[PDB]
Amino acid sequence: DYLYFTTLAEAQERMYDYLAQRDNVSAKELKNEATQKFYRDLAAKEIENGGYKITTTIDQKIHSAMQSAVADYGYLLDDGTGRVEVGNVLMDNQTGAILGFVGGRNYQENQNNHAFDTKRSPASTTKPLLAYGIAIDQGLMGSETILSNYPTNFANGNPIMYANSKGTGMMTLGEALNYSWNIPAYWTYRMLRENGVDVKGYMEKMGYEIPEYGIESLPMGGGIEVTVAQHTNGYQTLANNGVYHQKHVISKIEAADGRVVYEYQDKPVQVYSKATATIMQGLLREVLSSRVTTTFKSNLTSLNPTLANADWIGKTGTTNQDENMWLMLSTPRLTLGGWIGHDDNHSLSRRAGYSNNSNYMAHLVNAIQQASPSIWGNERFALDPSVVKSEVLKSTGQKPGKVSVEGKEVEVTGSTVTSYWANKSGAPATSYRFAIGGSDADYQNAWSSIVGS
């Protein structure tokens, strides 16, 4: 199966690294294609002959339970468009250890590994990581910050669409994420660009390879393609209070004569502040609980109510032509990534992610739990004490204050709310451009509504 080859390839990747140090301390010659093959062949020959013990991270009961789950419940993914393919990776949030995965529907009839090898746009699941998480991490927004969802166009003059909608008006970050509106995301990444935020640095620190960052639809998955295993690692990062642990299936390689030629060490990396990550956790909780973009929490409740009450957070994604659906799920302890789609890129049905993948993955979650009862955990996500609380106007997402609205000072007041920030001073006082994004025409409309106090 996938298991043998996934496991063997990373083990022989580790041997490669080991040897290029042992059998040579090799130069920048390591960028030579002939040295690359040579050490690959040597790494392969090493494992075949050296009588090595290769300890993987794979939990036997859980992985086997996952293989049974796709065998028994994979059919729930099929919607008339074919035998819908699938990839899932289950990851320990505190270590980056991969405990089990689904490579696809049936190895014998399709050998493509959809957990580890196949690469596809993360679509809207890019958003928490590339746009909102970074903007929060930079003190550029908090939990109740307002963004524009007013009609706007890409630089090439085509409208930013969401299904058949050209947009609406102002909305909170919560609303923007629960619905996965696109315009707010566009404006957020555009602000990071304009302010010279090293988004590349953040993404690369989590192991993401993206060839061109100068792309407007980047936060929506444009110009990105990723493996499920890698994309799961990004969500692990948010789940584990902002601390990245590199994904892996090999924990140790011992030679026949006892010695350790490779062993996992924990190298945590604080990619987002704990304030940021914890604030995002609370946003992603409501993404699932709101049920706007996924029936997951309902599906799971009907199967296992007690497990439905574990503290589930996550995000959905769907590519433009419904060719890819994603659902990423975390409890404090584990993250489970899910992708469905077709190898030839045919469109899925419009409810394929909303319903089918959601229902399928609720079944997968339950199978995992029957295989290892305590494993999802009863821990809850919680705000880090480093989080700054600002009482802000609901209408502006900023503190109450005076503003000039076409001449005339307005004392802006109304119903307030506690907004959570990841900077030092929290929310600013309200200014005329209170939201992320918006044209002068948008703001005339928005302030008119507000001024109807």
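Just count from 1 along the sequence shown to find any residue number.
- Set 259-267 against 297-305 and average the Cα temperature factors; 259-267 ends up higher.
- The mean C-alpha temperature factor is higher for 246-254 when 288-296 and 246-254 are set side by side.
- Ranked within its chain, residue 109 lands in the highest third, by CA B factor from the PDB record.
- Among all modelled residues in this chain, the alpha-carbon of residue 144 has a temperature factor (C-alpha) in the lowest third.
- Among the modelled residues of its chain, residue 163 has a C-alpha B-factor that falls in the highest third, as given in the PDB entry.
- Residue-level temperature factors show residue 193 in the middle third of its chain, judged at the C-alpha atom.
- The entry lists a Cα temperature factor for residue 331 that places it in the lowest third of the chain's modelled residues.
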